[PDB]
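The structure appears below as structure tokens.
So that the names make sense, note that chain A is the first sequence line, chain B the second, and so on, each numbered from 1. Heavy atoms only: backbone and side chains are in, while hydrogens, waters and symmetry mates are out.
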Amino acid sequence: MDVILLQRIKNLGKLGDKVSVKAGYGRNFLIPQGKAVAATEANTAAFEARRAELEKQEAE
RNA sequence: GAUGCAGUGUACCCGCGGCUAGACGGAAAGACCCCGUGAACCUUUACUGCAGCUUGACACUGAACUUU
């Protein structure tokens, strides 16, 4: 899947970068636990337009 | 393989008790044998399928460190 990260991941990236992962990785680990969101156009717009400042605010 | 054909012999008409030599006696469209481009079930290194079992590829299926 194409996903947008919600946090730091060692080999993927961090804090809003769009990166393609294997479908099982996104479906079973990241998305259910909130570490990323599927990179739909609506999801990307909703993430970047508003919420991103607080997402950056949480350092740890 | 004749009561019924030919020739011939014998023989008045009709029961009853017995008998089983013949009526190729009765019974069952021969089961033995052969035939039909018939049937069924069984067998196998007959033919052709399938179930079952098994092999690999793709999908469900992800992450981080090493080696040739």
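Distance check on atom P: B:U66 versus B:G62 gives 23 Å, rounded to whole Å. Using P as the reference atom, B:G25 and B:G1 are 16 Å apart when rounded to the nearest Å. For B:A39 and B:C35, the P atoms lie 16 Å apart once the distance is rounded to whole Å. Going from the P atom of B:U54 to that of B:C60 covers 24 Å, rounded to whole Å. Separating the P atom of B:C24 from that of B:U3 is a span of 9 Å, rounded to the nearest Å. Comparing B:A23 with B:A2, their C1' atoms sit 11 Å apart, to the nearest whole Å.
For B:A39, classification of the furanose by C1'-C2'-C3'-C4' yields a north pucker, on the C3'-endo side. Using the sign of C1'-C2'-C3'-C4' as the criterion, B:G36 is classed as a south pucker. A negative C1'-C2'-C3'-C4' dihedral is found for the sugar of B:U61, placing it in the south range. B:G17 has a positive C1'-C2'-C3'-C4' torsion, placing its sugar in the north range. Using the sign of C1'-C2'-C3'-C4' as the criterion, B:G4 is classed as south-puckered.
Base stacking between strand neighbours B:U44 and B:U45 is not detected by the criterion of six-membered ring centres within less than 5.5 Å and interplanar angle below 30°. Stacking status of B:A21 with B:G22: stacked, per the base-ring test of centres under 5.5 Å and planes under 30°.
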remark   = For RNA chain B, the dot-bracket notation using Watson-Crick and G-U wobble pairs below 3.5 Å, [ ] for pseudoknot-type crossings and | for other-strand pairs, is ....................................................................
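A side chain to side chain contact (heavy atoms under 4.5 Å, CB included) with A:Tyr25 is found for one member of A:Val3, A:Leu30, A:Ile31 and no other, namely A:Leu30.
Hydrophobic clustering (ILVMFWY, side-chain heavy atoms < 4.5 Å, transitive): A:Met1 and A:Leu12 are in one cluster. Residue A:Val21 is grouped with residue A:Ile9 when hydrophobic side chains (ILVMFWY) are merged at heavy-atom distances under 4.5 angstrom, including chains of intermediate members. One hydrophobic cluster, built from ILVMFWY side chains closer than 4.5 Å, cannot hold both A:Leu6 and A:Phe29; they sit in different ones.
More than 12 non-hydrogen atoms from other residues, nucleotides or ligands lie less than 6.0 angstrom from CZ of A:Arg51. Surrounding NZ of A:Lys10 are at most 12 heavy atoms belonging to other residues, nucleotides or ligands under 6.0 Å away. Residue A:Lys22 places its NZ atom among 12 or fewer non-hydrogen atoms of other residues, nucleotides or ligands, all under 6.0 Å distant.
In the region residues 4-23 of chain A, proximity to RNA chain B at under 4.0 angstrom, judged on heavy atoms, holds for A:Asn11, A:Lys22, A:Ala23. Applying a 4.0 Å cut-off to non-hydrogen atoms, the residues of residues 26-40 of chain A that approach RNA chain B are A:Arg27, A:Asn28, listed by residue number.
The CD atom of A:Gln33 sits 9.0 Å away from the CD atom of A:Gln7 when rounded to the nearest 0.5 Å.
In textbook terms, a nucleotide whose glycosidic angle is within 90° of 0 is syn, while B:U8, being further out, is anti.
Here the closest heavy-atom approach between residue A:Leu5 and residue A:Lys14 is recorded as CD1-N, 3.7 Å. Nearest heavy atoms, A:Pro32 versus A:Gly26: CD-O, 3.6 Å.
With hydrogens and angles disregarded, no donor-acceptor distance shorter than 3.5 Å links the side chain of A:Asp2 to the backbone of A:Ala39.
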